[PDB]
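# Commentary on secondary and tertiary structure
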Amino acid sequence: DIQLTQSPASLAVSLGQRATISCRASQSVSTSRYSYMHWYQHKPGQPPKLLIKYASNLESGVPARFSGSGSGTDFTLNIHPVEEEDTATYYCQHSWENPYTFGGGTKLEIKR
Amino acid sequence: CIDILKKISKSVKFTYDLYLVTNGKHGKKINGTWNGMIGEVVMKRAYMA
Amino acid sequence: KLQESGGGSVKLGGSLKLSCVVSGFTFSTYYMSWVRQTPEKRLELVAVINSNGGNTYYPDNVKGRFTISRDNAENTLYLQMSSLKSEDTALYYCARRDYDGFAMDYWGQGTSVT
Amino acid sequence: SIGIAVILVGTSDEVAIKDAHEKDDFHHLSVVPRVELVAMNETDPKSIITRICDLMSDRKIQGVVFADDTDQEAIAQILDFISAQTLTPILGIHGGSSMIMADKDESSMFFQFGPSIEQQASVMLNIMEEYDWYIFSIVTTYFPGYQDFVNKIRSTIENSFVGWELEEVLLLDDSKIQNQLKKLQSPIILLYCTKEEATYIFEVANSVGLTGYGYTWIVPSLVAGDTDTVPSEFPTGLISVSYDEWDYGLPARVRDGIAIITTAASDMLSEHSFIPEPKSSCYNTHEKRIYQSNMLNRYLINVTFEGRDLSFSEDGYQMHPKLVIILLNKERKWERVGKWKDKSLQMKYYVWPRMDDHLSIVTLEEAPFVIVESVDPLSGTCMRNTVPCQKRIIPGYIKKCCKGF
Amino acid sequence: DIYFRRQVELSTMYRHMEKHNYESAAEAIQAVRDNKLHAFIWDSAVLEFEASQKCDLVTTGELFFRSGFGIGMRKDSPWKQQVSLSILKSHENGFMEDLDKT
Amino acid sequence: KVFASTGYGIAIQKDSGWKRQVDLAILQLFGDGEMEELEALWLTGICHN
Amino acid sequence: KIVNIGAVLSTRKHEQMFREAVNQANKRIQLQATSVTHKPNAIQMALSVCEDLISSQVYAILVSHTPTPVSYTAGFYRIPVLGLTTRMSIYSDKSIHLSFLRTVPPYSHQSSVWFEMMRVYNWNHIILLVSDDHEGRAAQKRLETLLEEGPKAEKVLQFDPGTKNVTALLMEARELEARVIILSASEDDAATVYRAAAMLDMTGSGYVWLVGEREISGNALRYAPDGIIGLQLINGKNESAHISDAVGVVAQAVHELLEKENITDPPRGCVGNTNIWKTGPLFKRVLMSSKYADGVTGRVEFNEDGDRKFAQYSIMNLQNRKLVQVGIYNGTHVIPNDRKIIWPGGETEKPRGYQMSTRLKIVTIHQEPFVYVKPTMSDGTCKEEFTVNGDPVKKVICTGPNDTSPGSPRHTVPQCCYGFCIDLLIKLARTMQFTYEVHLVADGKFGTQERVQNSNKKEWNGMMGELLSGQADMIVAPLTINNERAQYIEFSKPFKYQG
């Protein structure tokens, strides 16, 4: 089975930085013309929604202080610059045929 | 070196004329002016040495 | 839109009905889910449904330990689990899915099954 | 439960349809073939689009295959536009459906069939390696796709040990064409054109004087067009491949496309809970078609049935088809040469077919005068400045690499 | 490899030497002393150095190529003429021969 | 052992375009070894060895 | 002799001016005007396509705004078309045979004017960025045709459309010795480069910038620095002028055509009949030979694609949010004199120059005796090594690869150098030259032109690949000279003669 894993799962950088969060897995999933992972991010307790559909496809009512790239077995998300409401845990999902494959979770704080 | 020139004339498809050095030997520079084959070609005739 | 109804404390090997009130959209053409959030934050699965009620799908380790029923007219999904061991103590989220639809667009708040 | 249509235009064998159709080979996996039969007689691509829109492609059936018996070309564009607007798959079976070899954008589907032109160029080399005979000249028309396989074959020869050469590639379409054909000294003239183009060039080349006995031509079936005609001017003993669908007939290709749809459906539905429903109106969907980034060609490109991996490329060219190599005749339009199946060449008699200059030479190996090596294991032939041996298997084709002083 | 590919007369031996080809010269340098290797082909500039330096090897002469060691630049550089002029200047003092001594 | 590293070269002054043709033709001529055979025709002595 | 003509048009006013142009071109031989609306949907255009083909007397169809789901049917019946509002280069492939004799050029033909910019400039330090698309690839082959005759500076820069990723790619372009930037992409990628070059200060002094027309939109216009020189096609929007000229060209065509033989009209209705109507392409041959003396848009003539014969180009300079129209390009004739050019560095003059660096990279492999790769000291320095006369030999840093061993690409090692040609470069840099940079090649190969297996590409490897890719600038090595390396790479005088 493919398994997503996230790195680094816990960190805290100051304001206005290039907050890059990588995610790794075993097999290449993004093949034909669309990429395959949905970045989820939300605070602990509350469900803020998806923010990136396939690789960088933003959703309704999102900030512009982040981006997502990567291919093969290594995608990533890069928050740049860094907001003040960035005390949330971020998540990865592309499933497979095989029902649903999840990653871990990256909790981020703001240095002060 | 004549047969070398014959292969060059076959490769780049050029004809020629085989003129000889009559004055000077090889380009001895006299008061800044070459004689010889060098003073021949520096007279701008598009010469070949 | 979505709000997890129930959960609570279950005994070892016990059964629990997991409900979720849905307000805003219909069931007979739309697609939802049930995922699991451990206290160790290991994202797992609870229930896989169809977009039209239809059929369902069972995740492999929890297969045979739950059943799903969709009452489409009253807009509340039902989920009756069974044989809940010590390794199902986790926060469970109900989430509406996409039109693809292996992404999720909407979410419930989250029930807590101990 | 997959609503499938099989559609034909004329010359139907409906009992082979009734017979092929085995439910026990679809032995209760997730799906059952809800099959419906359509027969037509149309030269009418407009009503072909409209009534199929009016059929259960809007209402019930999510997947359909299609066969023909003609040589039409716009069926490619009909494929491309239904692929452009509808994720419903349409497939190519026979006639002007497998004769469709057209490049396209990343589509929703393709009229998937057997071989490519790249496979035909490779087996054309494999025959010229095996039957010890040497290409030096190609001609082409302005058909899109001419130069890729040309640059392929010439660069493929440049990496081999022994080497074919090349006189000329003639990109063409003023009857001084005969004077450019006068410069061709190869025994092999490869050609990319159409059948009416071929018959015109056969009138031109027989007006040159380079006719069927001296310099033999080699075509693919797309140049031959229909594989069941000598229209006007076909010279004797020419070479062509399509061809294993002729060995199939109707119900083998029915068992091909039906089981490919049912398998690739269970490929998706192996872990997916459902299948996307057919959209209620083809020319008025326009909101529901964008609900599915389709992407099921991951499961369509890798389908194996009865131990046969019907695997395609990205443009739906089958990676493992069978190739039947066929000669013409003086009286017939095709007879036989042999077969080809996925880097396996099986030809008849290992004798170059012909219609005195050659002299059978008997000899014994004695170094340094005669040195007999074997053939190279990577290719199967002799090197530069070596000649093939012929020694009796005690067929006599033990063929080795003779050389020496 | 380029010269033995383009000359088809020894192409049989070029196919034979294809089967045992090496990655660096320092391998064949050790391998002649390993005495599993009959002969290696190289420019004389390194060969007569190693014959002079370490010990216990010979060469049979017969300079097949007779070539030089230029300097590689991109085409239409502004650094051809004056650079080759300094090449002449390094020749016109024996400083080339000085580094040859050193 | 000699005291110079010098070389004879064919000269055309300013050689507009033809320099590119002639130098690749020279490297072509060295690329086949007929130059060595021309040394066997011209530049071979008897009493050295 | 009455001839119908279809015309897929958006509004009824277009069909009215179409009918009036038909009556004006009925001066000669009669014409007939049928009115075709422009369908909003693709499949409905393919629905209503041959309800106008019931009238078989239509011999040409005008189209407007993609017209893909209607142009195929006309090329399927070999009808000569005019794609009036086409800026797409996919139809410029005339091997599809669903194309038309050209109006105004689709996009890429302005690059000929970009090649004629060196008739003003003769610049030869020019960098090209291409967004990876087929239309970009067609512009690539257009520039390669334009170069073959100079401004032959730099090959290409590739770009993947759909990501931002500019700075990580094109940070190298700050260093590549040239000042001319040519953009060929979408408008959104144009805004992405605009903000990233603002972050990189790549739109400062010296940096002259060249764009096309479709990059110029209001999203890019907010991010365009004031000083960019932009192009604009003359009569991009006067559709009715192209309508009346198209009526005059087809009336010239049917003026020639009504004096011919073997007319053989199309079938009435699209179907129920054969589809190999033979006088289709012959009418397109007549339309290929049809000319036009003068019109409201000027003299309409045809190139090999049918293109418009010195399509004039209004040129603008964005100076403080206002596109000041610089003047008119007309083929051989140039933007004459009239308006002052503000350049994107606050400059008033054209920067006629570039940046010949005093820091070049000299990359080579290890080769005894001429190179002895020595490990550095404990502080990363060199051991003081003496001659036979005690002279300190110059040990400069030969910055190695990430290999200490081939297969462990981890140890990016300093490895200060030792060898014969080291002192030769020391001599040359003392005499003439600069503070260099030295790297050691990873694979350690001389490298041959090996065939890549990706549909007939052949790429030099090793140092030959590095110098051809610009990773190295000077190659000092004990390397022989063959014709093969001399096919592309300039060689110096052969220093050490050898055998």
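Reading guide: rules and limits
Residues numbered from 1 in each chain as written, not as in the entry; some residues may be left out. Chains lettered and ligands numbered in written order. Part of a larger assembly, values for the part shown. Heavy atoms only, no water. Helix = DSSP H or I, 4+ residues; strand = E, 2+ residues; numbered from the N terminus. Rg over C-alpha atoms; globule rule 2.2 N^0.38 Å. Buried < 20%, exposed > 50% of the residue type's maximum accessible area, 1.4 Å probe, protein only. Disulfide = S-S within 2.5 Å. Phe/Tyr/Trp six-rings, centres within 6.5 Å; stacked < 30°, edge-to-face > 60°. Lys NZ or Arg CZ within 6 Å of the ring centre and 35° of its normal. Contact = heavy atoms within 4.5 Å. Buried area = accessible area lost by both parts, 1.4 Å probe. Salt bridge = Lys/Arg side-chain N within 4 Å of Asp/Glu carboxyl O. Nonpolar A, V, L, I, M, F, W, Y, C, P; charged D, E, K, R; others polar. Core = buried A, V, L, I, M, F, W, Y, C linked by side-chain atoms within 4.5 Å. 1 Å grid on protein atoms, 1.4 Å probe; cavity = no way out; pocket = protein on both sides within 12 Å on 5 of 7 lines; lining within 4 Å. Points joined across faces, edges and corners; volume = space filled by probe spheres on them. Axes fitted to C-alpha atoms, helices over the stretch in contact; angles between N-to-C directions. Left-handed = near helix turned anticlockwise from the far one by under 90°.

- For this deposition, the record names cryo-EM as the technique by which the model was determined and cites 4.45 Å as its resolution.

- Under the annotation held in the PDB entry, chain E carries the name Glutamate receptor ionotropic, NMDA 1 and is attributed to Rattus norvegicus.
- The title given for this PDB entry is "Cryo-EM structure of GluN1b-2B NMDAR in complex with Fab5 in non-active2-like conformation".

- As recorded in the PDB entry, chain B goes by the name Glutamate receptor ionotropic, NMDA 2B, listed as coming from Rattus norvegicus.

### What about the overall build of chain E?
- If you tally the helices and strands in chain E, you get 6 helices and 1 strand.
- Along its sequence from the N terminus, chain E presents helices and strands in the succession α-α-α-α-β-α-α.
- For chain E, the C-alpha radius of gyration of 18 Å lies well beyond 13 Å, the compact-globule estimate for 102 residues.
- By principal-axis analysis of the C-alpha atoms, chain E measures approximately 45 × 35 × 25 Å.
- Counting over 102 residues, chain E shows a buried share of 30%.

### Examining the state of the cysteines
- Per the counting criterion, the structure on display carries 6 disulfides over all chains.
- Two residues, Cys382(D) and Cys401(D), share a disulfide whose sulfurs are 2.0 Å apart. Around the S-S axis, the bridge from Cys382(D) to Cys401(D) shows a dihedral of about -125° and counts as left-handed. Accessibility classification places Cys382(D) together with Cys401(D) in one group, the buried group.
- Between the sulfur atoms of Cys398(G) and its disulfide partner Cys417(G) the distance amounts to 2.0 Å. Linking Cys398(G) and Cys417(G), the disulfide has an S-S dihedral of approximately -75° and is accordingly described as left-handed. Residue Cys398(G) is found in the loop between β13 (361-364) and α12 (420-431), and its partner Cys417(G) is found in the loop between β13 and α12; the two are separated by 19 residues along the sequence.

### Brief notes about the packing of aromatic side chains
- All chains considered together, the criterion is met by 38 aromatic pairs over all chains.
- Taken together, a centroid distance of 5.7 Å and an interplanar angle of 80° make the contact between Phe113(D) and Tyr317(D) edge-to-face. Here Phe113(D) matches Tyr317(D) in class, with each residue buried.
- Centroid distance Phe65(E) to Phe30(F): 5.0 Å. Interplanar angle 40°. Geometry classified as tilted. You can see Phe65(E) sitting in the loop between α4 (44-53) and β1 (71-73) and its partner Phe30(F) sitting in helix α1 (residues 18-30), one on each of two chains.
- Counting every residue linked through ring pairs, the aromatic cluster contains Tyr34(A), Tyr36(A), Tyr54(A) and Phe102(C).
- Above the ring of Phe161(D), the side-chain terminus of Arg15(E) is found at 4.7 Å from the ring centroid.

### Examining the interface of chain A and chain C
- Each partner contributes to the interface: chain A provides 20 residues, whereas chain C provides 21 residues.
- Here chain A packs against chain C, burying approximately 1,700 Å² in sum over the two surfaces, 63% of which is carbon and sulfur.
- The largest contributions to the chain A side of the interface with chain C come from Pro47(A), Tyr100(A) and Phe102(A), which together make up 35% of the buried area.
- Summed over the shared surface of chain A and chain C, the result is 0 salt bridges.
- By residue class, the composition of the side of chain A that touches chain C is 9 nonpolar, 9 polar and 2 charged.

### Quick word on helix α5 (residues 146-159) of chain D
- For α5(D), the full list of buried residues reads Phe149(D), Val150(D), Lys152(D), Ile153(D), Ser155(D) and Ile157(D).
- Here the buried face of α5(D) lies against α4 (117-130), β5 (137-140), β6 (168-171) and β7 (188-192) of chain D together with β15 (449-452) and β16 (457-460) of chain G.

### Let's talk about the nonpolar core
- Core analysis: the biggest nonpolar cluster contains 61 residues, and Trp39(A), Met32(C), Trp34(C), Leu79(C), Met81(C) and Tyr92(C) have the highest contact counts within it.
- For this core, the element with the highest residue contribution is strand β4 (residues 43-50) of chain C, accounting for 6 residues.
- Excluding residues that lie within four positions of it along the chain, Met81(C) makes contacts with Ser15(C), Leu16(C), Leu18(C), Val46(C), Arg65(C), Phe66(C) and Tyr92(C).
- Formed by 47 residues, the second largest nonpolar core is a distinct cluster that contains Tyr131(D), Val162(D), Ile239(D) and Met347(D).

### Focus on empty space enclosed by the protein
Residue and element names in this part refer to chain D.
- Looking at the largest cavity, its volume works out to about 550 Å³.
- In terms of lining residues, the largest cavity is bounded by 33 residues, among which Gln62, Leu87, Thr88, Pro89 and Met109 are the most central.
- For the lining of the largest cavity, the secondary-structure elements that each account for two or more residues are α9 (244-268) and α10 (297-300).
- When residues of the lining of the largest cavity are assigned to their parent elements, the largest contribution, 5 residues, is made by α9.
- Grouping the constituent residues of the lining of the largest cavity by class yields 18 nonpolar, 11 polar and 4 charged.

### Topic: the packing of helix α1 (residues 12-24) of chain G against helix α10 (residues 239-257) of chain G
Residue and element names in this part refer to chain G.
- Running from N to C, α1 and α10 cross one another at 30°; their axes reach a closest spacing of 9 Å. Remark: the crossing between α1 and α10 carries right-handed chirality. In this structure, α1 contributes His14, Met17, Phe18, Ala21 and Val22 to the contact, and α10 contributes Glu239, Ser240, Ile243, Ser244 and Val247.
- Considering only residue class, the contact of α1 with α10 consists of 6 nonpolar, 3 polar and 1 charged.

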